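Report on one structure; see the data block that follows.
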Amino acid sequence: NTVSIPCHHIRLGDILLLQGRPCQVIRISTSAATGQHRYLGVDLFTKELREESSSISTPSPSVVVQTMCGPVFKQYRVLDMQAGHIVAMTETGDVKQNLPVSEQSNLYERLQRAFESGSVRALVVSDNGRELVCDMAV
């Protein structure tokens, strides 16, 4: 349920797990004392601000790895759209009747636009069992 992401590949707007919750990164800084990077982000589900500092590992001599964890995004087919949510289907055919859609960057209107023109995929993040369409693909 976690993707390891090197810090040097993390940019503003990326979605990371911060304190275990999927958050859109809004500020990146570096600790003067430790060298760790600090990520400030907005919880995609609750919109609270959360921060978390990178983990530093040294697997081999002279290799210093700083990483953060990103969520695993699932790709769901979009079968219908109604009332700000979608009806989705997983790869195996499991129907999700009532998937909410992130308010980020006019996602639902863009989804609806592409839906109206079976190429759309909803990109879904999970947190504590709750699923949220947080991006789209065609």
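Residues in the structure tokens are numbered from 1 in each chain, the chains being A, B, ... in the order shown, and ligands are numbered from 1 in the order shown.
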
Practice prompt. Mind listing the helix (DSSP H, G or I) residues of chain A, per DSSP on the backbone, as a list in words?
Written response: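 Residues of chain A classed as helix (DSSP H, G or I): residues 7, 8, 9, 104, 105, 106, 107, 108, 109, 110, 111, 112, 113, 114, 115 and 116 of chain A.
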
Go ahead and save the residues from that selection, with N, CA and C atoms, as a compact mmCIF listing (two decimals), in the first residue's frame.
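Printed below is part_13.txt as written:
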```
# COMPACT_ATOMS: atom_id res chain seq x y z
N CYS A 7 13.46 11.53 -2.49
CA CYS A 7 13.12 12.93 -2.27
C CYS A 7 13.47 13.79 -3.46
N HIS A 8 14.54 13.48 -4.18
CA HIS A 8 14.84 14.40 -5.26
C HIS A 8 13.84 14.28 -6.41
N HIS A 9 12.90 13.34 -6.34
CA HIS A 9 11.83 13.25 -7.33
C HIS A 9 10.51 13.73 -6.77
N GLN A 104 -9.89 18.62 -5.96
CA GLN A 104 -8.67 19.26 -6.41
C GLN A 104 -8.71 19.51 -7.91
N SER A 105 -8.38 20.75 -8.29
CA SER A 105 -8.17 21.13 -9.69
C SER A 105 -9.32 20.72 -10.61
N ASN A 106 -10.56 20.93 -10.14
CA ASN A 106 -11.76 20.77 -10.97
C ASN A 106 -11.83 19.35 -11.54
N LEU A 107 -11.49 18.37 -10.69
CA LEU A 107 -11.39 16.99 -11.15
C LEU A 107 -12.72 16.49 -11.69
N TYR A 108 -13.83 16.77 -10.99
CA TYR A 108 -15.09 16.14 -11.36
C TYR A 108 -15.57 16.64 -12.72
N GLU A 109 -15.49 17.95 -12.97
CA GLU A 109 -15.87 18.49 -14.27
C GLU A 109 -14.99 17.93 -15.38
N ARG A 110 -13.70 17.78 -15.11
CA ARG A 110 -12.80 17.21 -16.11
C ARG A 110 -13.13 15.74 -16.35
N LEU A 111 -13.32 14.97 -15.28
CA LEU A 111 -13.83 13.60 -15.39
C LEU A 111 -15.11 13.55 -16.22
N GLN A 112 -16.11 14.34 -15.84
CA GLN A 112 -17.37 14.38 -16.56
C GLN A 112 -17.16 14.69 -18.04
N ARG A 113 -16.28 15.65 -18.33
CA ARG A 113 -15.97 16.02 -19.71
C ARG A 113 -15.44 14.82 -20.48
N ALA A 114 -14.45 14.12 -19.92
CA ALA A 114 -13.86 12.98 -20.62
C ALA A 114 -14.83 11.81 -20.68
N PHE A 115 -15.61 11.61 -19.61
CA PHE A 115 -16.63 10.56 -19.58
C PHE A 115 -17.58 10.69 -20.76
N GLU A 116 -18.01 11.92 -21.05
CA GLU A 116 -18.98 12.16 -22.12
C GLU A 116 -18.38 11.98 -23.51
```

Which residues are close to residue 78 in chain A, i.e. within 9 Å by only C-alpha atoms, leaving aside same-chain residues fewer than 4 positions away? Reply as a short mmCIF file (atom, residue, chain, number, x, y, z; two decimals) with C-alpha atoms, in the first residue's frame.
```
data_model
loop_
_atom_site.label_atom_id
_atom_site.label_comp_id
_atom_site.auth_asym_id
_atom_site.auth_seq_id
_atom_site.Cartn_x
_atom_site.Cartn_y
_atom_site.Cartn_z
CA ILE A 86 -18.84 8.11 -9.70
CA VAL A 87 -19.74 4.49 -10.14
CA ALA A 88 -16.45 2.72 -10.71
CA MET A 89 -15.29 -0.81 -11.37
CA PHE A 115 -16.63 10.56 -19.58
CA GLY A 118 -14.89 3.93 -21.98
CA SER A 119 -11.38 5.40 -22.17
CA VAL A 120 -11.51 7.23 -18.84
CA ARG A 121 -9.89 5.83 -15.72
CA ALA A 122 -10.44 7.18 -12.25
#
```

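We find CA of residue 100 in chain A and CA of residue 85 in chain A to be spaced 4.6 Å apart.
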
Discussion item. Applying 7 Å and only C-alpha atoms, which residues near range 16-25 of chain A remain after dropping the ones on its own chain fewer than 2 positions away? List them as a PyMOL selection string.
Written reply: chain A and resi 12-14+27+39-44+50-52+69-71+127

Discussion item. Could you go through chain A and tell me which residues DSSP, when run on the backbone, assigns to strand (DSSP E or B), listing them as a PyMOL selection string?
Written reply: chain A and resi 2-6+15-18+21-30+37-43+49-53+55-57+65-71+74-82+85-89+95-101+121-127+130-137

Fill in: CA of residue 125 in chain A to CA of residue 73 in chain A, distance in Å rounded to a single decimal
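Between these atoms lies a distance of 5.2 Å.
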
Worksheet item: From the list A:133, A:138, A:5, A:26, which residue is nearest residue 65 in chain A when using only C-alpha atoms?
Response: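 Of A:133, A:138, A:5, A:26, the one nearest residue 65 in chain A, counting only C-alpha atoms, is A:5.
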
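Atom pair CA of residue 101 in chain A / CA of residue 132 in chain A: separated by 5.7 Å.
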